[PDB]
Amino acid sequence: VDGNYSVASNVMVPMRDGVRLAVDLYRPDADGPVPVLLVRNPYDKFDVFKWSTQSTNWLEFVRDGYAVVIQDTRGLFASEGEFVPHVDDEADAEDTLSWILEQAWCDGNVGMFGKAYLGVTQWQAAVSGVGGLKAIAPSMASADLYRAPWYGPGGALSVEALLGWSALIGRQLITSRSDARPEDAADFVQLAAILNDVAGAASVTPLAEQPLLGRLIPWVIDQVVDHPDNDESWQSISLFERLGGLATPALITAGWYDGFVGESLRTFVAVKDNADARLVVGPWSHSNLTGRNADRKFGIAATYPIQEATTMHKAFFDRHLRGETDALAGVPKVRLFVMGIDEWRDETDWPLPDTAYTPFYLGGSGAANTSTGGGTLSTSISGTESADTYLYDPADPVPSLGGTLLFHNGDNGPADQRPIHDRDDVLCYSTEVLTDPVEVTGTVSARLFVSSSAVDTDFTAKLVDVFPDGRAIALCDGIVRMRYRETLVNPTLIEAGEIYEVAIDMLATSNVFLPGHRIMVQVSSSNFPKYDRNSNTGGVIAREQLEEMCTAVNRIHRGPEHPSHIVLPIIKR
């Protein structure tokens, strides 16, 4: 009977090392083998409601004759072994795909889908070289775990991401225990205390001293906190350099305020030339897919469109797993939610073909400190050589507000920035009020001429849409940790007082700045706890006591000889 299926629970699948991973099998009631979809999940295969609303109505796949396999990753829930994030998923996926292809009900075509960690596991499957894997659909995910979600292209630790995710894993571990331990109740209460105040949890120094999280999951320190450089421990789990050699179609989803957005987009660029890649980018954060935020509404069309996503995935799998050559007719290559006009729009490529990478130069009379300073943005080079100066004190960092936060207030991406506009360490530069719309859609970076009294420090840049009513809405932002200014791999310190030209990777955005709005940039030296705070010492930042840290007098240089600017991807239509 078409539309009918059965579900077998806890089918144990043996890995190469003998450890068995548990899967559930959703198999259509049909004669003959069927195409198969695999989901590798660290959050309990049984608990399909926890993630499915952020993905697809995938039971439609099963009713339409796909088999679906959902697997507990190694060491979690019904699976045997020991859980350490990322390090076993390449081999475990290869073995799992091999097992699936052997089964009587598999017709030789496997795909995957899933979000975040369930999207990472698809890139880790895709590098296995198993021919039966015909397509993947990694949503809001990354193929380079240093660059997202644990560190970033700027070389700063995403501390709220680390601590928030570790705490959720700890609670998961405790809730899943066969026999409760005497300390479970208290551990559970204190993991909730981390999740209720992630910035406070991230404020304890030394950062590397994590008595609770380091005990429940030592990888927190042993891998992430102890490896601030993009070293072999990170490269060993990175998939990115191998993506260019694949020929695997990929349906890639991202969100403009999602923690993985920079790496999600880079996977699309890395695979688009060798197979059928697809891009969908909505205005979502990792945990807020509604399109509604405290001070910014994108309209109901911005709500994660799960039914259209289901239709698109099925069309995608029909083309690549069933060989239905016309299945993707009418489906665009790229589909972006363009903010400002707040509309979905089809494109033929990402980056957009006619992108004009345009410098907007920092300038203005007087000091650019606070939103009532003199800072300007202009497409013309500033005529007068000036400099803006502020004190970055690690004990008083600029609080994170919106952006791509994951667990610390991570449901308000397009956050109003006015609560930090008064800060002397927040330099503001903006255009005049616009009389014509300006569309900025693409990757965004800054090039700043900076100097410090310290031998290391951070510099941040944040792009902002100023509304007529005064709302200053965050778009995209980035950081550069000065020791990593040239390389994330082999850092060197800087000379106090010397001027450096540094790039700040500000990820990406799609926004039409409408008439009556302004384009604004904030520059500073902290963004906490989105990023951990630089100690301004050149030390091992995560091993320093707050007392051991130094303040830094930092300076942005701007003028004809130091033309600091933000590079905006301008689209004109």
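Residue numbers here begin at 1 and follow the sequence given.
Relative to one another, 527-535 and 51-59 have unequal mean CA B-factors, and 51-59 is the one with the higher figure. Taking the mean C-alpha B-factor of each stretch as recorded, 168-176 and 111-119 are not equal, and the higher mean is that of 168-176. Of the candidates 41, 545, 510, 522, the one whose C-alpha carries the top B factor in the deposited record is 545. Highest C-alpha temperature factor among 349, 231, 258, 295, as the PDB entry reports it: 231.
In the deposited entry, the Cα temperature factor of residue 322 places it in the highest third of its chain's modelled residues. Residue 421: CA B factor lies in the highest third for its chain, per the PDB record.
Among all modelled residues in its chain, residue 478 ranks in the lowest third by Cα B-factor. Annotation for residue 95: CA B-factor lies in the middle third of the chain's modelled residues. Residue-level temperature factors show residue 67 in the middle third of its chain, judged at the C-alpha atom.
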